[PDB]
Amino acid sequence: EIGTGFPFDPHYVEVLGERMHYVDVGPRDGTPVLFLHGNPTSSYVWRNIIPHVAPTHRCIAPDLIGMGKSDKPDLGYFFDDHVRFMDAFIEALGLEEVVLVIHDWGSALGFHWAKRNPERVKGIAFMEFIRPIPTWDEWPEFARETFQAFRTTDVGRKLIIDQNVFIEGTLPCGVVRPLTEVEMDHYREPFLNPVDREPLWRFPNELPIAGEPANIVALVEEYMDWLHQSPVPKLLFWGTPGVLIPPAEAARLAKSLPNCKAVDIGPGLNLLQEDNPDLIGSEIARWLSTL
């Protein structure tokens, strides 16, 4: 039974005029472990991983601005807006050195932060993360047509803003096991008002695919170059068939990235946390003990 509950007291901090919500559990001392979720999830995606880590480490898991239980201002919710809010969140909590556990757009946030603050990062655990996607040929027909549809201000907004397709359609397609309606309700909660679904649409329009948008492709190429040269301890989780990171890509990264341990979680698509939380949390705790 994969737990469906979210038993964490809410914490809030004011960041750039907006309230950001975060989970904060574990001992107050030591190096903190910072969990960054992506699209279209929240700290909820970490709920069954954090308990493997909280016995011996501080766990901080924020909700991105406009997502989860964080405030929802009238922004475009560009990656750049998320960079500003996450930078500020980390300083507002007074974090110095951290370990990162990051996923999907959370990973783009983490890597881009790590690149800009390499002396402050003691380890990075990552999974199903954002890397440049050279061609649409890498995706199957349905995914290709859907995400190409997403990347317009007409049909894309109709699908994601009006019809809430990213939550009701895409999200369960990123999990091998069937999500329950209780879990779905936790993922749905932040976007019950359609005007609040703006981040769900801007994120796929930011994905670095076949060279566009050029600025996001450049930013991501930068932090990937950094990641290939830094000796920071790395822990890569991957599954089969995977989505952003197919088994061949995981193998490549496992050998080419310095100081990288790779863990096969078994069956998985994008939300690896929902398919093997026990192994992911267990391995993160284990890996942490070696840092």
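All residue numbers are counted from 1 along the displayed sequence.
The question of which stretch, 187 to 195 or 136 to 144, has the higher mean Cα B factor is settled in favour of 136 to 144. The stretch 214 to 222 shows the higher mean C-alpha B-factor when 214 to 222 is compared against 109 to 117 in the entry. Ranking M127, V155, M86, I167 by Cα temperature factor from the entry places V155 first. Residue-level inspection of the entry shows that, of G66, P241, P40, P27, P27 has the top Cα B-factor.
Sort the chain's modelled residues by C-alpha temperature factor and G281 lands in the lowest third, per the entry. In the deposited entry, the Cα temperature factor of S256 places it in the highest third of its chain's modelled residues. When the modelled residues of the chain are ordered by C-alpha B-factor, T31 sits in the highest third. Placement of the Cα temperature factor of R19 within the chain: highest third of the modelled residues, per the deposited record. Ranked by C-alpha B-factor against the other modelled residues of its chain, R131 falls in the highest third.
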